[PDB]
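K.L.:
Here it is, the structure, as structure tokens.
Bear in mind these aren't lab numbers, they're just calculated from the coordinates by the rules spelled out. All Cβ positions, even for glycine, are placed from backbone atoms using ideal geometry, and neighbour counts span all protein chains on display.
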Amino acid sequence: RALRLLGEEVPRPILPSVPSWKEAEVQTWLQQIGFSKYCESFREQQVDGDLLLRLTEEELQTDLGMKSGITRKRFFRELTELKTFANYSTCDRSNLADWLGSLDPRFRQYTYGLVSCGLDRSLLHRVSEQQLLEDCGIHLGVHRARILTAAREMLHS
Amino acid sequence: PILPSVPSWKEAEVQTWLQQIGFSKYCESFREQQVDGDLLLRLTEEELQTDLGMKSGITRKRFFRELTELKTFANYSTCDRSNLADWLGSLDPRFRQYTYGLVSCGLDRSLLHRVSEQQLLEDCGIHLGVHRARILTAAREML
Amino acid sequence: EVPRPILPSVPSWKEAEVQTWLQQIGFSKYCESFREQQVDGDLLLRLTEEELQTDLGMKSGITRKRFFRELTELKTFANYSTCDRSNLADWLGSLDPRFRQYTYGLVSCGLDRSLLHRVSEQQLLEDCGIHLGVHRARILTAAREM
Amino acid sequence: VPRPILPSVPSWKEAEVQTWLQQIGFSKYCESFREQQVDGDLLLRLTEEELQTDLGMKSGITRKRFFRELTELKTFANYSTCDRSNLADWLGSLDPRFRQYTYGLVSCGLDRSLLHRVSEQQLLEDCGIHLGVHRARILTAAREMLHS
Amino acid sequence: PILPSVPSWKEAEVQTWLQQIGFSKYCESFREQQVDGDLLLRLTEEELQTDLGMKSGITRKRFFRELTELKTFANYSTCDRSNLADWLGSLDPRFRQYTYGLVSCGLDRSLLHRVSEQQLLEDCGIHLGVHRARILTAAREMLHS
Amino acid sequence: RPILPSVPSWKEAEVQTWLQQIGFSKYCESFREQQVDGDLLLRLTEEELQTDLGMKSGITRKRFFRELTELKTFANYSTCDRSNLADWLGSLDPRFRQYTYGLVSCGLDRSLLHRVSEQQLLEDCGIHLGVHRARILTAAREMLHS
Amino acid sequence: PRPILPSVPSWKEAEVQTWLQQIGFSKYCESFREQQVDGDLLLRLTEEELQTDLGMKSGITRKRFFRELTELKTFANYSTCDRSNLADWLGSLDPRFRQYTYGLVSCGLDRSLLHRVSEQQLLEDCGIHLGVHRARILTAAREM
Amino acid sequence: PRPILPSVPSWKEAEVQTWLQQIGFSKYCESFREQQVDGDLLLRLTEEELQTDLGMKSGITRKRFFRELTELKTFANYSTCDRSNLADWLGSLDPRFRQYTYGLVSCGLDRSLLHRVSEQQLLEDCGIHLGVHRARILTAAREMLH
């Protein structure tokens, strides 16, 4: 029953609908995770839920002014947590979230990446390593390999 | 309603659209650079950054988000004799956005079968590998 | 609203006719550069991105795109009879009207109908200036039959 | 439960990192580590690049001294919170010094059952095992592991 | 008319030619650099831009247009024992321009059969692939003694 | 002329003394500032010597490495060398003893040596001469185990 | 007139100086003097050395220079350094190949060793830059 | 007493200085002195060291220098460092190969080991830059009596 989601540490709300978040909800989340210093940049750049989920190292450094690699790592650590527990129902008709989660709960974080390229359960069998890296933004080879393996052993008949 | 005929748009219609999507700040650049429908549909990251002065990667992403919407719900009938728009749309509504890319290289339904992955990327401007692969696959099996 | 004359003998154009065409397509701003650089028909037909940017001072990629849009139109409807003995223009046009634009590129390398069968992909790209892969592939395919 | 023998570095907060820096004679860097908000997780995952550029440790020699201390800490740390399959003891059985790679492997979501499928590239790029000799030994031993 | 013996041209004849083709502007550079017939025939894009100060790619294209004409209608007899000029010309009049490139490497009719594509490009300065291919083809269908 | 000096356990002060003995007192300050002890001395690279210790001349670096090689040849490695690789390397060629710390720092011992590759001896262990690498590798494949 | 069998390998600075005058390169006498160019160095001169060390900035001027040097190399006496008379061997193939003598003998090649030479060796070690020349020299070397 | 072949491996700074004077490189005496070049370092000198550390900016000057050094290397006495007499072995192949002696013995090669040497080793470890030379030395090494 390892549910730290009922803990005080974890940002509120739990199970948030990040894809539909607007600037204001992004602002709230930055405060909770101790990144208030970056509120102004995120506001100016008009980061909403969709952009937050799609944020890259490059955008974070150049457009949002987060110069430290260590600070970016802290940021992505928080964003990965958010992505892991987010509600993707609006954008995830085939429930790729659960498919990824069944492989490993920490793979749920890739949901928006996969649905953003127009992948779904039916198409997943045909996905390539290149696609998972370039299109879906899965940077860890270990993760790519596991997802790829499981995708090839899917029943599409 | 009726879908706008973006391929035939002039500078003035492009200006109107920029206002509607909250990109008024860029009206002057678009005017100076004489962006019409054809050029708007064919706009690249590079042109947006260097020639139109949109320095932020995030702002460009917001812009392309709006442009993709426009491309998705545009009327291509003047330039799309074989109705590639509907073919793409039937595969996935999101693929309609690639209509102008394909017709600009002189592709139509009949020629589509012969297209390569490189061609869809370099010539047609389809950047997502997933999209390329699906379009390629479907093209070979209509043959 | 199409620039006059239609169906022009662009290969034989001098500086003056290039000047007139620039006016018609709304590029009067560039008349001075074209004049200074002494662009005639032959040079206009062979103009590259690089020459347009560096030597003619067209700094914007979007402006260059507008320019090439107009140049492509001119090339598509031009009369190549003086330089195209084997009528490659009609051969290209029969494949797709849009391919007629490549006429000068092919005849400038000394290609004709009879030699076309032997041409390579590299040759069409580097020597003939056919930049679109789709176009190269179609032209290559049709050339291998004849 | 006051003082543990093997420190729970994965669960360390900024303050414990600060204390450790003092003990190892790197007080000079306390401010940078504080400003950059280095906790246990970030300490364990620190790279050459971060140390030089973000923490301002310009000398390669100074960085070597730092990593000498970090490697010791990593070798004797308690990973129980984050290491369900006890990869620490698996690595340790091969060579005590290899226990230092625990956090690198568990951070990618590797465990004993997944070890058989791991590639040399993955050990280098994803897990941060830079010494070829170490990679080769770990790879060899992993080939005799049972998968699912 | 008379075909000029460009291989044997001196600076003065090069100067005259520049005037005739409307490149008087460049007379001084060509004089300073001591361009004779041999150097004129062997002139590269690089030399034209850097050493002779012809900055514009368009201007360089105009120049090479004139040089190609000259090369097409030059007399190569002093340096072309085996008459490669006529062999090239028979293939296509426009190929005569490559005479000096071939004879400068010590090629002749008898050696031509053995030549490689790399050699035609690097050693002989034939830049157009189409031209190279045609010359190569015709060389292989010669007399092989 | 030190007899079996225990360089792996040397502190800053012993490194300082050594620098004096070999006529490199000029570099005492940098070595002090950088806190070079025995372990760091044995693992010193060309890069660290140039950039961190301010030894700009390649010729001076060569002189320095000539002295370091001597020290490494005669050092006592007993604290870090449980399988006595030092004697094994020395028996092959006295000049190979200098590679002891490179090998034991990667956790190698007599029993493991056979599995090492030429790339590993270069990249991991710092054996720069190919001739040396090849000889060590060959002898390692033919050695007696338990 | 045109010098008969000059012993360029044995030339000293003074002879190099004289030759520069004769070919109309007096402007460069100072550089060649300062750099102490003798016969051996003249025969081994590279594009790089000519540009950077001798100050001959123009590619066209360098081309003129090498045109003269090639002539000199073609007519030189190599007897001091060419025991097996590779000069005459090369010359018999084509008079223009004589220019490569010093390149070959400087690597310690002779008639007897020539058969074993590789294309790479002729290019990198001997400084024969023209492929056409390399190929012909290689061919003839295999058949003697 | 004066030896015929100089014992360059054993030369000290003072002998190097003398040699520089004799060959007309007095201009460089100061640099060589400051850098403490002895026989060992002189024999091992590289293009890079000569340019950067000794201040010999001209490639032509460096060529003159190496011309002199090659002669010295060819006729040097290597007996202190060449127990198996590789000098005579190389010399028997071609007198000019004797110049590579110090390169070979510095990697710890001798007659008995020579059979095992690779092309890469002769280039990278021994500093034999001429392909022609490498090939001849390699060939002769393979066909030796082990």
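K.L.:
Select from F:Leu42, F:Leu89, F:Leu122 the residue whose mean-square fluctuation is largest in a Gaussian network model of chain F (Cα-Cα springs shorter than 10 Å).
P.N.:
F:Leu122
K.L.:
Between E:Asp86 and G:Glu124, with labels modelled 7 Å along Cα→Cβ, what's the label distance in nm to one decimal, could you check?
P.N.:
4.5
K.L.:
Averaged across H:130-137, how many Cβ atoms of other chains sit within 10 Å of each residue's Cβ atom?
P.N.:
Neighbouring Cβ atoms belonging to other protein chains average 6 per residue here.
K.L.:
Taking a ≥ b ≥ c as the square roots of the Cα gyration tensor eigenvalues, with a/c under 1.5 meaning rounded and otherwise prolate when a/b beats b/c, else oblate, which class fits the protein assembly as shown?
P.N.:
It comes out oblate by the Cα gyration axes.
K.L.:
Rounded, prolate or oblate: which fits the stretch B:84-140, taking a ≥ b ≥ c as square roots of the Cα gyration tensor eigenvalues, rounded meaning a/c under 1.5, else prolate when a/b beats b/c?
P.N.:
rounded
K.L.:
Here's another thing I want to ask about it. Which entries in the list D:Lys64/H:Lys12; D:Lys13/D:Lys64; B:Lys61/C:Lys75; F:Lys56/H:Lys57; A:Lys22/C:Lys65; G:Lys57/H:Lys73 go over 28 Å, if you measure between the two C-alpha atoms of each? Mind dumping the intermediate values first?
P.N.:
Details: D:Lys64/H:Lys12 37 Å; D:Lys13/D:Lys64 24 Å; B:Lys61/C:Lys75 36 Å; F:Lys56/H:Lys57 17 Å; A:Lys22/C:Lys65 37 Å; G:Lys57/H:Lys73 36 Å.
Those over the limit are D:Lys64/H:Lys12; B:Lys61/C:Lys75; A:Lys22/C:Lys65; G:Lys57/H:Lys73.
K.L.:
Place a point 7 Å from Cα of C:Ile25 in the direction of its Cβ. Which residues in the stretch C:109-146 have their backbone N less than 19 Å from it?
P.N.:
It comes to C:129-132, nothing else.
K.L.:
What are the ³J(HN,Hα) values, in whole Hz, obtained from phi via the Karplus relation 6.51 cos²θ - 1.76 cosθ + 1.60 with θ = phi - 60°, for each residue of the stretch C:108-117 in sequence order, with x given for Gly and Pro?
P.N.:
After applying 6.51 cos²θ - 1.76 cosθ + 1.60, I find 5, 7, x, 5, 8, 3, 5, 8, 5, 4 Hz.
K.L.:
Let me ask something else. For a footprinting-style exposure proxy, rank F:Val15, D:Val1 by other Cβ within 10 Å, fewest first.
P.N.:
Ascending number of Cβ neighbours within 10 Å: D:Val1, F:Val15.
K.L.:
Using just the helices of chain D, give the 222 nm mean residue ellipticity in deg cm²/dmol: DSSP H runs with n ≥ 4 each add -39,500 (n - 2.57), and the total is spread over all residues, rounded to 500.
P.N.:
Calculated at 222 nm, the ellipticity per residue is -12500 deg cm²/dmol.
K.L.:
Residues of F:99-110, mean number of Cβ from any other protein chain within 10 Å of their own Cβ, rounded to a whole number?
P.N.:
Averaged over the peptide's residues, the number is 2.
K.L.:
Follow-up question, since we're still on this one. Among C:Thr48, G:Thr74, A:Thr111, which comes first, second and so on when ranked by fewest other beta-carbon atoms within 10 Å?
P.N.:
Values: C:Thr48 13, G:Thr74 17, A:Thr111 27.
If I rank by nearby Cβ atoms, fewest first, I get C:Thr48, G:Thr74, A:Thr111.
K.L.:
Please give the helix A:23-32 orientation as an angle from the longest Cα principal axis of chain A, in degrees from 0 to 90, rounded to the nearest 10.
P.N.:
Approximately 80 degrees, to the nearest ten.
K.L.:
Right, next: Report relative contact order for chain G in percent, whole number only (criteria: Cα-Cα under 8 Å, sequence separation at least 6).
P.N.:
20 percent.
K.L.:
Across the residues of F:34-40, average count of Cβ atoms on other protein chains within 10 Å?
P.N.:
Per residue, the average neighbour count from other chains is 3.
K.L.:
If you take the square roots of the eigenvalues of the alpha-carbon gyration tensor of chain B and sort them as a ≥ b ≥ c, do you get rounded (a/c under 1.5), prolate (a/b over b/c) or oblate?
P.N.:
On the way: a/c = 2.16, a/b = 1.66, b/c = 1.30.
Judged from the Cα gyration tensor, chain B comes out prolate (a/c at least 1.5, a/b above b/c).
K.L.:
Hey, got a sec? Which chymotrypsin sites (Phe, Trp or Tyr not before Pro) in the stretch D:67-148 land in a DSSP loop and have at most 14 other Cβ atoms within 10 Å? Please list the in-between numbers first.
P.N.:
Numbers: sites: D:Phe67, D:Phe76, D:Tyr79, D:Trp90, D:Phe98, D:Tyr101, D:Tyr103; in loops: D:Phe76, D:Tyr79.
Of the chymotrypsin sites (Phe, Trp or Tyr not before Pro), the ones in loops of the stretch D:67-148 whose Cβ has at most 14 other Cβ atoms within 10 Å are D:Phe76.
K.L.:
If you average the C-alpha positions of the stretch H:61-90 and of the stretch G:1-53 separately, how far apart do those two centres end up, in angstrom?
P.N.:
The stretch H:61-90 and the stretch G:1-53 have Cα centres spaced 29 Å from each other.
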